[PDB]
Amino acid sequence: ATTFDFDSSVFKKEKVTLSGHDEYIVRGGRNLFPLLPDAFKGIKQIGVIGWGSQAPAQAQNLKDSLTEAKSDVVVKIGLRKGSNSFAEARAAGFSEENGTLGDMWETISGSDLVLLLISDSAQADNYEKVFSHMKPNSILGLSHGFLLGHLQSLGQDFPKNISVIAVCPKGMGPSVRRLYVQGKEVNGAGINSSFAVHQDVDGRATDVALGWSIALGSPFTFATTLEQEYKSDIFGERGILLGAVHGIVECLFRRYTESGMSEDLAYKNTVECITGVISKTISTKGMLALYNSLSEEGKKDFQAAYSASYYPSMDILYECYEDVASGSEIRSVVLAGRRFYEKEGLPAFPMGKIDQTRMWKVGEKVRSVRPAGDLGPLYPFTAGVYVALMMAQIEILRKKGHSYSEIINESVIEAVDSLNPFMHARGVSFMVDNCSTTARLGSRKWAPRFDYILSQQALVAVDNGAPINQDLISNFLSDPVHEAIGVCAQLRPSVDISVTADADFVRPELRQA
C-alpha cells in the first residue's frame, strides 16, 4: 500500500528502515555493469523514442554502460518525421551510419524494449499508434506514470500482450547525464530513480526495470506504482522543486527591496541563499543541522517566517495535489500541448521566457562578478519560508499515503542534488526549462499561486505581529522525516554535480557562452 517489495534474480535487494518503515532498495555502481546482459535477456534492441531532456541523457548513459558491460544490445534513437533533433542525436554518437538513428515508428517496430521519452501530452494523443507498432510480447518502458492517468480518464488501458514498466529519475535530464560522467572517475554516480511494474507478460519485467535504472547510474532505486508516481511527481514539480521555490524567491525579493534592501543583497538573500548554503547543508547534513547553524537571534527570525508560511503553503500544495489526483491537471497539460499549434482559427501559443524580468536581470549582474566557490549567505527569514514549504509538502504527501523514499526524493534530495545547482549557475530558466514540458507548464501555472498566497497571508501575518505558532516549530524539530533523510544520505555517492552557466550538456536552446 505505501511500500512495495519486489524480487530480483540478478541484483541484490537490501532493506532500509525509514522512521520504522522497512523499504527495499537496490544500490547502484559501475561494478554492477557486468550484470546487464543477464538483466536484459531477450533484448536485442532498445528503442529510445524522443530527444528532449531525458532521452539525450538516458541514451548516452545506457550506451556507455552497455559498452562497459561488453554487451551486444543496440541502442537506437527514433524521432518523428518533423523533428529537428537528428543533428543533436548524431553529435551525441547515434547515427544512420551504425543503424542507431531513424524514424520513430520504424524504431518502435524493431525494438524489444521501447523507452517512450516524448512529451506527456504527445503520449496522450498518440498512444494508439505506439501500441499498434509494438512487437507482441515486447516491453514498453515509461519514465513517468502520466500515460496511466490519461488512460484512466478515458476508461482505457494498455494492450494485453505487452509488459509495461517504468524507471523514473528523480532529477533533471542534464543532471542524470552530468553526474554519470563525473562518476566515471569513481564507482559511478547519478540520480536516484523509482521503478514500477504495471504489467508483466513473461517474468522479465522486474530485472529489465532494475537493469535500466542501474545502467542510468541511479545511486539507489526504490519501488513505486505508476499511479503513486504520477500523483507525487506532477505535484512535486509544481511544489517545492520548481513552482513553489520560484514563487518564494519572487515574493521575498519584492518584499526585501520594498523594505530598503539593495537589489544585489535581496538577490543574494533569496536565490543565492537557497541554492547555495541551504541546499549544501540539507544535501549532506539535513534540515536540523541547518536550523542549528543559525544564531540565537537568527532562530527567532526563522521561527517567525516558518510559523507564518507553513499553513498558507500547505493550502496551495493541498489544492495542487487534489487537482493531480482527480484528473483535472493531467487533462490541462494534454489540452495545453494542443495549443502549441494553430487550431480553431486561433494562434499557436508556445511557452515563453520566464527570466527576463527585474530580479533575473539583477541575477545576471550579481553572477557577472561572483567569485567561483561562493556559497551565499544563510539569511534566517528566507530559510524559514523555504523549510516551512518543504515540511508542508512532506506532510501533504504523508497524509495522502506515499512511502518515505518517494517523499524524500520528491521533496528534499531532488531539489538539493539535482535542481538548485542549475539555478545557482544561471537563474530560474536554466533550472525550470531543462525539465519536461509537463514540469515547465506546471511551474508557470503554480509559481504565481505561491507568490500571491505568501504575500497576502504569510507576510501580512508577520507585519501585523501575529504570534509565533511554537507548536509548528516543535513539530519541525521532532519530525521523523529528519532521521529518514539521514538514512537516505548514506546512499549518496561522494560526487556533487558540477554545472556552470556555459554548460553544453543542457537543452540546445539553453546553451550560452
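One-based numbering along the sequence shown.
Trainee: Between 206 to 214 and 72 to 80, name whichever shows the higher mean Cα B factor according to the PDB entry.
Mentor: Mean CA B-factor is higher for 72 to 80.
Trainee: So, looking at the entry's B-factor column for Cα atoms, which has the higher mean, 182 to 190 or 415 to 423?
Mentor: Between 182 to 190 and 415 to 423, it is 182 to 190.
Trainee: Per the PDB entry, which option out of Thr275, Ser283, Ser259, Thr357 has the greatest Cα B factor?
Mentor: It is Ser259.
Trainee: In terms of CA temperature factor as recorded, identify the highest of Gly376, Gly145, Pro174, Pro219.
Mentor: Top of the list by C-alpha B-factor: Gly376.
Trainee: Relative to the other modelled residues in the chain, which third contains the C-alpha temperature factor of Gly28: lowest, middle or highest?
Mentor: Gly28: CA B-factor falls in the highest third of its chain.
Trainee: Where does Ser65 sit by CA temperature factor within its chain: lowest, middle or highest third?
Mentor: Middle third - that is where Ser65 ends up once the chain's C-alpha B-factors are sorted.
Trainee: What third of the chain does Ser478 rank in for C-alpha temperature factor, lowest, middle or highest?
Mentor: Middle third - that is where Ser478 ends up once the chain's C-alpha B-factors are sorted.
Trainee: Sort the modelled residues of this chain by their C-alpha B factor and say whether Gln54 lands in the lowest, middle or highest third.
Mentor: Its C-alpha B-factor belongs to the lowest third of this chain's values.
Trainee: Once the chain's modelled residues are ordered by C-alpha B factor and cut into thirds, is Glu237 in the lowest, middle or highest one?
Mentor: For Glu237, the deposited C-alpha B-factor lands in the lowest third.
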